[PDB]
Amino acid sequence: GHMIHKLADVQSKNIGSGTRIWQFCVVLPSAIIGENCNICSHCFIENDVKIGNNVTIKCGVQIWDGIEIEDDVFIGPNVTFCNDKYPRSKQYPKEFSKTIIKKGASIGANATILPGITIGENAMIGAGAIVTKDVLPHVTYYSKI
């Protein structure tokens, strides 16, 4: 079985064994979440979303339509994703931009991931980074101060 906190609103049945979903999360019906994930408090997970096994999503993260997270990924707290490069209110894209975070990658706290991005296997994104270009597998990327 999986653990859905009574204070979460989880509408998806597609949740793997061992997964924990914590307080004040929203998970919409078509989301797919694998086994042994930890979806920490205050997250939002939309419909066209696939999350693999052993994924950690720390607090305050939103996973939009068009985003896939592979197995063993770590997403730091308050990490932000995008599916629309030129957002204008009520101007809905015909197709959302896709992001994929590949197996074992880690995204540091409060990073910002632009739309259409691939982050390669086992990459490490520094805390607070702005990722405007793909990050190669196993690369450590951060936004220099």
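Just count from 1 along the sequence shown to find any residue number.
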item: Residue range whose averaged C-alpha B-factor is higher in the record, 58-66 or 93-101; value: 93-101
item: 121-129 versus 8-16 - greater average Cα B-factor per the deposited record; value: 8-16
item: Among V27, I32, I107, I39 - the residue whose C-alpha B-factor is largest in the record; value: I32
item: Ranked against its chain, the third holding the CA B-factor of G52; value: middle
item: Among modelled residues of the same chain, the CA temperature factor third for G116; value: highest
